[PDB]
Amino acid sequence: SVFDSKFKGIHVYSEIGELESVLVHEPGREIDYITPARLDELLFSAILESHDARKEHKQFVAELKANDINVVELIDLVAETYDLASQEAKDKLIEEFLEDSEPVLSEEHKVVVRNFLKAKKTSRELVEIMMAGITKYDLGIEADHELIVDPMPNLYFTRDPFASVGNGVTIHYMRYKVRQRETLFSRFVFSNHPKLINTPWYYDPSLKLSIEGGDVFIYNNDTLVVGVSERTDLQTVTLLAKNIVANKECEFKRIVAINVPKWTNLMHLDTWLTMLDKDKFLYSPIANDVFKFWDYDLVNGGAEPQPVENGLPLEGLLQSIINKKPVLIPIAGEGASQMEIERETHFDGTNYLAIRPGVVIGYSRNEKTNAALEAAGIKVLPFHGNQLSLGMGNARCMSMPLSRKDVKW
């Protein structure tokens, strides 16, 4: 199985506990269909050199494995799930893929694509093609456009379609169609894989209020932190709060919503502020005058907790969550020029994945932030990720923890 023997379900109650199991996706053929005219639509800053991007991704996975982490590749998880699923589920996956296609499928193309999918020889090939997009060339048909079904090029950013939340999961209604389509795989594995089937959901795509995993943080057993960003709205955090209170087994007690600049290229809270050790946070100064906070009381706030403004400065707000003096590390370090802060913030300099408290993985390119982290006593495991970085995410964006060991607070 893609899961090691100790994996006994979703268990993510911090951003920093020793990482046990994690979900990633090496970009497949879907990034080969990114064209110059569609960069804004497809959510890329520039076109990736595909072979090199895959080589970088393998280095990232190799570093995670060198740290005894169980790395689950999305394609393999979906295929494994497909293989053991009922025929009813196998069939509905293909039907829902067709109904949710972009561009919308004509009746004739729906039949042609269905047959093509059904004829794929292995479940892995079926999953690869559904992620890749489908051309008229793949189908052997004449058409006036080359892409009969668009790629889901952002799939390598597994942070975003769903988020592990304690021992439950939130499966999201994403902002843009190009990414909403990725949640088909999320619903499928959680609804059918024996090791995930019993996981309770606190959000699902049908709710239609925008939220993405890059905005979701599990600071400790009591407090969740969710961004109010270009991708997640405050009203959506309000619905999340309602769902959590409605779930009697869910033990979180508070949600702090954090406002960030609504930049299309720094679209989630994790591109502005992350927690990397028990008391260390990495942030971009560019957000200094935009940060704003709201608290939700999941215990004594009623069945529908409302967001209450918290006027403390960022440091005091963070202190109210961990009850220790926080250490705030700025992008590019003390003394950096505005140009250096803008450049390293642009390349997702805050977006490190913590694999144990104070030990993080992220791109080698943000050298001043790497040095700032090391000076603050955080160990940095860099990897070359220049091509992957053009998709506007770093290691945190490219991962979704499935299980972490308890933190000794």
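Sequential numbering from 1, following the sequence displayed.
A.B. asks: Using only C-alpha atoms and the B-factors in the entry, which stretch averages higher, 66-74 or 47-55?
C.D. replies: Comparing averages over the C-alpha atoms only gives 66-74.
A.B. asks: With respect to the recorded C-alpha B factors, which stretch has the higher mean value, 333-341 or 137-145?
C.D. replies: Per the deposited B-factors, the answer is 137-145.
A.B. asks: Which one of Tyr173, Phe116, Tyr156, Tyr219 shows the top CA temperature factor in the record?
C.D. replies: Of the candidates given, the C-alpha B-factor peaks at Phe116.
A.B. asks: Of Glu212, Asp279, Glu315, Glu99, which one's C-alpha B factor is largest in the deposited record?
C.D. replies: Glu99 has the highest C-alpha B-factor of those listed.
A.B. asks: Looking at the C-alpha B-factor of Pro326, is it in the lowest, middle or highest third of its chain?
C.D. replies: Answer is middle: the recorded C-alpha B-factor places it there.
A.B. asks: Would you check the entry's CA temperature factor for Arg187 and let me know if it's in the chain's lowest, middle or highest third?
C.D. replies: As the PDB entry reports it, the C-alpha B-factor of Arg187 lands in the middle third of its chain.
A.B. asks: Should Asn243 be placed in the lowest, middle or highest third of its chain by the C-alpha B factor in the entry?
C.D. replies: Highest third - that is where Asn243 ends up once the chain's C-alpha B-factors are sorted.
A.B. asks: Taking the values exactly as deposited, rank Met152 by C-alpha B-factor within its chain and report the matching third: lowest, middle or highest.
C.D. replies: Tercile = lowest for this residue's CA B-factor.
A.B. asks: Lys208: which third of its chain by C-alpha temperature factor?
C.D. replies: It belongs to the highest third of the chain when residues are ordered by C-alpha B-factor.
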